[PDB]
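Report on one structure; see the data block that follows.
Don't worry about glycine lacking a Cβ; one is built from the backbone with ideal geometry, like all the others, and counts go over all protein chains shown. None of the figures in this text is laboratory data; all of them are computed from the coordinates on show.
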Amino acid sequence: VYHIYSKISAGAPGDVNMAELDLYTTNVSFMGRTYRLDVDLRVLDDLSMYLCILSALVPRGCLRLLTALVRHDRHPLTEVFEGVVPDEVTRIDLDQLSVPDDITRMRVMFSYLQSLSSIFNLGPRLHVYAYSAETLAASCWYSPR
Amino acid sequence: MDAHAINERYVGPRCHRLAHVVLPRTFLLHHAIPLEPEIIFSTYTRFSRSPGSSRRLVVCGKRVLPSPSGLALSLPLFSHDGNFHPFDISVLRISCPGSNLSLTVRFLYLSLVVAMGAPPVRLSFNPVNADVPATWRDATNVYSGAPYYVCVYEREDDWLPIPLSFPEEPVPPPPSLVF
Amino acid sequence: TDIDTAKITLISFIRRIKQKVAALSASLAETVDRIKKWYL
Amino acid sequence: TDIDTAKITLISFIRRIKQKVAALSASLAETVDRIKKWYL
Amino acid sequence: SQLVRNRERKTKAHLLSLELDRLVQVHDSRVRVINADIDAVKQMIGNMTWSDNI
Amino acid sequence: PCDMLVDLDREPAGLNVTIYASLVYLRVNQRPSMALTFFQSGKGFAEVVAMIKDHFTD
């Protein structure tokens, strides 16, 4: 969140409040404790260009995938999530892009759906079953994926 | 009757108006439309006194089980430059995906436009509903002579009638511009 | 103000209604004469 | 007398004209629907 | 010829009733304007004894 | 207990049939109240997520 809003205020400074920014981002609350992190971010310049390039393909991508999948044999839970989609998303004209353009806005879109989902479901994790808070020594077992 | 309200959300923004049409069995018996759930409908309009082609839109059709009874549809009406033409055919093409079936059903706008005449952020949840009441108005097809019904659903609206732009002289006779 | 306001109200509201009654006579004289040449 | 005479004039003369505009809509709804069953 | 003698016979009757229904729906869409204009004056007449008071 | 466990199942069997734990949020009497069921199938993770959503359509 901090890496995105620090790029809007670089292009147009009147849109982001600096005092509102570092009051809700630099504090991390977990396990009843508050960790003030240290930020002066060229690490996250791969995600913010993948998560925002996915940000515009989803409102077209969920209407184009619903207008093709309409039939008597529709799965019944998709009738429920037919209303969670907003009003403005259901006003997109899909005729303004050519048929060879609507292929390359899915194959590009499905690759930023999976490869962004895969790196957060990576499993080089390890399960701690004993920890001593003053010796700092912890037993565990490794578990890949 | 769900097949009207589905098309107002997905066929709706790609059109100008929808002609909500219910076809009784008397219309179905003449054109021999065998109501299986596999049938994929498709609609496009054939213009007059202009370059005649519009885009094909796939329209959902569901059988109504019983106050009429028959196949329910929704026909797209296209207003190029802000008005409707009276003599403008809206073509319905009926076909099955696997087997061999191809039917053409055609409707004219004067049998349709006349029949229309009488803190955490909250997310909006708009399901498809049959809450809106129907008004059933009679119509007769010009091409076969079989009656069909037109739904007018409740919603510069009550002030104006629905626009038409009648053809001008010189003109062929309207029995020869219809066909 | 009884002279001035009733002059601008009880004339201009009447003239806008009088010109719309003549639109009914001109519409039938355009459309019923259209029915004969086109359809009859 | 400005209240009393304008109430009986500028209402009852208007109500007798308003009821005659609706006679034009009811006459066509009686006669144009008569043309179809009799002649068409 | 005798099929065109029946196309030009029936579609001069089907299209005729569509224009007559259109003609009534033009007229009733304008009488609604007149009743919206007669009642607008009569509403201003109900406050004409108040509009002259200023 | 046999009340909690919902058994899902020609199907092949390996050296494995897993046991999953689903903790489902809902609201009864217009007040929040979750629910927890246990599942048992050797169908692979792509199928069981499709089988759990059939159980919780209602």
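A simple count of charges around A:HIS72, restricted to other residues whose Cβ falls under 14 Å of its Cβ and scoring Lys, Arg +1 and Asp, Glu -1, yields -1.
Excluding B:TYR149 itself, calculate the net charge of residues whose Cβ lies under 14 Å from the Cβ of B:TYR149, where each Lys or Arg counts +1 and each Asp or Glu counts -1.
Numbers: positive: B:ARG25, B:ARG137; negative: B:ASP138.
Net local charge, B:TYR149 excluded: +1.
With neighbours defined as other Cβ atoms within 10 Å of a residue's Cβ, the residues B:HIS31, B:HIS20 order from fewest to most as B:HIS31, B:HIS20.
Pairs of Cα atoms in segment B:40-113 fall into 10 Å distance bins, from 0 up to the last occupied one, in shares of 17, 46, 28, 9, 0 percent. Going from the residue with the fewest nearby Cβ atoms within 10 Å to the one with the most, B:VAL114, B:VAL171, B:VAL178, B:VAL121 rank B:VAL121, B:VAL171, B:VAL178, B:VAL114. Placing pseudo-labels 7 Å out from each Cα toward the beta carbon at B:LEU103 and E:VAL4 gives an inter-label distance of 3.0 nm.
So how tilted is helix C:12-39 from the main axis of chain C? Cα-based, degrees 0 to 90, rounded to 10. The two axes meet at around 0 degrees. Its Cα centre serving as origin, chain D has a Cβ charge dipole (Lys and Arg +1, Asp and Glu -1) of approximately 220 debye.
Dipole of chain D computed with +1 at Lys/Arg Cβ and -1 at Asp/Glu Cβ about the Cα centre; of D:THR1, D:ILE11, D:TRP38, farthest Cα towards the positive end is D:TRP38. Within the shell of other residues whose beta carbon sits under 13 angstrom from the beta carbon of B:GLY98, the net charge comes to -2, with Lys and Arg scored +1 and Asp and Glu -1. Annotation for C:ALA22, label-to-label distances across the other copies: 2.8 nm (shortest first, one decimal, point 7 Å from Cα along Cα→Cβ). Dividing the helix sum by the residues of chain F, where each DSSP H run of 4 or more adds -39500 (n - 2.57), gives a mean residue ellipticity at 222 nm of -5500 deg cm²/dmol. Checking the Cα-Cα distances for B:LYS62/D:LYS36; C:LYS7/D:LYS20; D:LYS37/E:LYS42; C:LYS20/D:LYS36; C:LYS20/D:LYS7; C:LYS18/D:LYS7 against a 31 Å cut-off, the pairs over it are B:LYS62/D:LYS36; D:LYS37/E:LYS42. Working note: Debye formula, equal point scatterers on the alpha-carbon atoms of chain A, no solvent; log10 I(q)/I(0) at q = 0.17 Å⁻¹ is -1.19.
About the centre of its Cα atoms, chain B shows a dipole size close to 540 debye [charges on the beta carbon of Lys, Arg (+1) and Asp, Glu (-1) only; nearest 20 debye]. So what does log10 I(q)/I(0) come out to for segment B:110-164 at q = 0.16, 0.26 Å⁻¹, using the Debye formula with one equal point on every Cα and no solvent? For the requested q values the scattering log ratios are -0.69, -1.10.
With only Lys, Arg, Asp and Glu charged, each at its Cβ (+1 for the first two, -1 for the last two), find how big the charge dipole of the protein assembly as shown is about the Cα centre; round to the nearest 20 debye.
For this selection, approximately 2180 debye.
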